[PDB]
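To start, the structure itself, in structure tokens.
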Amino acid sequence: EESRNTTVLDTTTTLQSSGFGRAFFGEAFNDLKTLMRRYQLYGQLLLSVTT
Amino acid sequence: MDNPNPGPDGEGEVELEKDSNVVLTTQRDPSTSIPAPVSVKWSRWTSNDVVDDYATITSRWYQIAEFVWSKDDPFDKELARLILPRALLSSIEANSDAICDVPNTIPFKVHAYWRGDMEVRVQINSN
């Protein structure tokens with residue numbers, strides 16, 4: 001299976017979750033739908049009149 | 001008030017400052033100056049490794065500078081620009097031996113990152 005997880009050999013302790021930058025930057029970046037709503041350049045063209 | 005009675009023990013009161021196995025005494029009251037309030041621990045944010053302060057060895061005092069201050073030194077005169085987390089190590093390396101030889105600085109040899117406060121006592125022995 002893909003996301004199966006047999007034996008987690010964890011050496012780590014607990015890391016404090018920032019809330020995807022909510023704790024530092026005042027905004028969460030977990031939802032990737034709201035990053036998609038920043039405007040990206042779609043196209044770029046020079047107006048070429050033929051006829 | 002104002003009853004001087006020295007004896008064989010001396011006159012004044014001696015204050016202490018005990019650490020792990022280092023006691024260093026001053027007759028005079030310190031002129032404390034604290035440039036910032038005490039820092040929070042901050043291993044929660046950037047470390048999953050096992051974090052431990054070695055307070056039985058690291059919190060001891062250690063001499064990192066001694067210098068003669070003569071009258072030949074003029075008015076605007078540096079005497080020691082100590083870079084203090086470095087000067088604890090460079091004093092030991094100035095004693096011509098390694099960092100692992102001193103109990104205060106063996107976790108600097110092992111560990112990679114450090115965050116902590118530093119007490120500094122600049123004692124003088126003027127007349």
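Only the coordinates and a few stated rules stand behind these numbers; no lab work does. No Cβ is skipped: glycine too gets one built from the backbone with ideal geometry, and neighbour counts run over all protein chains shown.
Checked against the criterion of being in contact (Cβ under 8 Å) with a residue 40 or more places away in the chain, under 26 Å from B:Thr25 (Cβ atoms) and aromatic (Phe, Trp, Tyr), the candidates B:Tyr113, B:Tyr62 yield just one match: B:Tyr62. Of all residues in the stretch B:50-76, which are within 14 Å of chain A (Cβ to nearest Cβ) and either surrounded by 11 or more Cβ atoms within 10 Å (Cβ to Cβ) or more than 23 Å from the chain's Cα centre (by Cα) (or both)? Those that are within 14 Å of chain A (Cβ to nearest Cβ) and either surrounded by 11 or more Cβ atoms within 10 Å (Cβ to Cβ) or more than 23 Å from the chain's Cα centre (by Cα) (or both): B:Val50, B:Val51. The set of residues in the stretch A:1-28 being of a type in the set (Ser, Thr, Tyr) and facing another protein chain (nearest Cβ under 9 Å) consists of A:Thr11, A:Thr12, A:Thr13, A:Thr14, A:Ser18. When the stretch A:14-29 is examined, which residues are found to be in contact with a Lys or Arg (Cβ under 9 Å, 6 or more places away or on another chain) and either within 25 Å of B:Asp49 (Cα to Cα) or surrounded by fewer than 10 Cβ atoms within 10 Å (Cβ to Cβ) (or both)? The answer is A:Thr14, A:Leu15, A:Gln16. Of the listed requirements (1) within 14 Å of chain A (Cβ to nearest Cβ); (2) surrounded by 11 or more Cβ atoms within 10 Å (Cβ to Cβ), B:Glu17 misses just one: (1). Residues in the stretch B:75-127 that are part of a helix (DSSP H, G or I) and of a type in the set (D, E, K, R): B:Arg86, B:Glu93, B:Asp101, B:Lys109. Only residues that are loosely packed, with under 11 Cβ neighbours inside 10 Å, of a type in the set (D, E, K, R) and closer than 24 Å to B:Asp52 by Cα were counted across the stretch B:87-122, and they come to 2.
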